[PDB]
Each structure stands twice: as structure tokens, then as C-alpha cells.
Amino acid sequence: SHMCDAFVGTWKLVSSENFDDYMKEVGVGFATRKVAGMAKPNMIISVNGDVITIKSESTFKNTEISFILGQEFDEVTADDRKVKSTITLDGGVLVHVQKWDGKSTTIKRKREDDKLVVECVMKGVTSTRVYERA
Ligand SMILES: CC1(C)COC2(CC[C@@H](CC(=O)O)[C@H](Cc3ccccc3)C2)OC1
């Protein structure tokens, strides 16, 4: 057993708050915000050795990242930003930092009760998204 066991599996979005405002703060344009805000993604997390894979599947986009904790990678986000990302585990929370154009956003994923809670922060704006097991 290991590092991310309680994250592994298939998760479905059940609530969102403040996500349009988070996307505005990131710089996402109107049409992408509307369609992405409507999305109801499933998040699929798996681990093979030291490699963690996180997929987000929705009617808007299907994305996939694979990474090693603490080891930076280049990522194309669903809104087509080219970012440099690093994901670490900090006290049981997966912390995903994206850097681009002198900007930074952090996405935190944690287990709370039977939920996987996702907190997205861009300057002073936070969005909270809650997932349950599918
Ligand atoms: C456009 C974005 C700025 C691109 O990056 C994210 C970062 C936070 C993610 C939060 C989560 O996993 O629920 C989110 C997932 C998602 C939402 C809607 C459609 C497809 C994927 C993707 O926010 C919207």
C-alpha cells in the first residue's frame, strides 16, 4: 500500500462553487468558461510504481497527465494554456502548481469523508469542487 491509495479510482463531480470566477481569474474566455462550467467530469486516478496518472473525462475535453511527485512536467490545460506543472504530496494533500506567463495557480486534491475535494486557487479566488466515487 502507498502514497496515494485513497485517491485511486473513478470519481464523478457532484458539486461546484465559484468555478466561473476561478476561470475568469485564470484568464479563460467566455465561451470556454460556459462550456467547461457545464461539464460534469469524471476523474480517474491510478498509480503504477512511482507514476501517478490523472484523467479528466467530460463532454468538453478528455485530458490526461502522468507524473512523478516533485518532478516538473509541461502540461497543456483544457483551456489550451502551456504550463509548467509540479505535483507534490503535502500532508496527505496532492498539491498541483501550474506556472505560465509569470502567473501561478494551485489545485489541491484531498480526501474528506467519502469525497475527493478539489480546491482551485488563482490569486484571491477559490473554487471548491466535490467528487464522489462513481
Ligand atoms: C479550464 C480550466 C481553467 C482548466 O483547468 C481546470 C483546472 C481545475 C479542474 C478542476 C476539477 O478537476 O474539477 C478542471 C477540471 C475540468 C473542468 C471542466 C472541464 C474539464 C475539466 C480543469 O479548470 C478549468
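Neighbour counts run over all protein chains shown; Cβ positions are idealised from the backbone, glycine included. Derivation of every value follows stated rules applied to the coordinates shown; laboratory data play no part.
Quick notes on this structure:
- Modelled FRET efficiency - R0 25 Å, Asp74 with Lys123, Cβ distances, 0.05 increments: 0.60
- Across segment 93-118, the residues whose backbone nitrogen lies under 20 Å from the label position 7 Å along the beta-carbon direction of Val47 are 93-97, 107-118.
- Rounded to the nearest 500, the helix-only mean residue ellipticity at 222 nm of the chain stands at -3500 deg cm²/dmol, with each DSSP H run of n ≥ 4 adding -39,500 (n - 2.57).
- Pairs of alpha carbons in segment 51-96 whose separation is greater than 13 Å (percent): 60
- Shape metrics for segment 5-131, restricted to C-alpha atoms - Rg then Dmax, Å: 13.8, 40
- GNM flexibility winner over the chain from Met38, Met23, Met122 (Cα, springs under 10 Å): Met38
- For q = 0.22, 0.24 Å⁻¹, Debye-computed log10 I/I(0) when each Cα of segment 58-126 counts as one equal scatterer: -1.12, -1.26
- What the Cβ-Cβ distance of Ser66 and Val130 gives, at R0 = 25 Å and to the nearest 0.05, is a FRET efficiency of 0.55.
- About the centre of its Cα atoms, the chain shows a dipole size close to 280 debye [charges on the beta carbon of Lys, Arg (+1) and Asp, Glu (-1) only; nearest 20 debye].
- Look at the dipole of the chain built from charges on Cβ: of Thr53, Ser66, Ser16, the Cα furthest out on the positive end belongs to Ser16.
- Mean sequence separation of contacting Cα pairs (under 8 Å, at least six apart), scaled by the length of segment 8-82, corresponds to a relative contact order of 24 percent.
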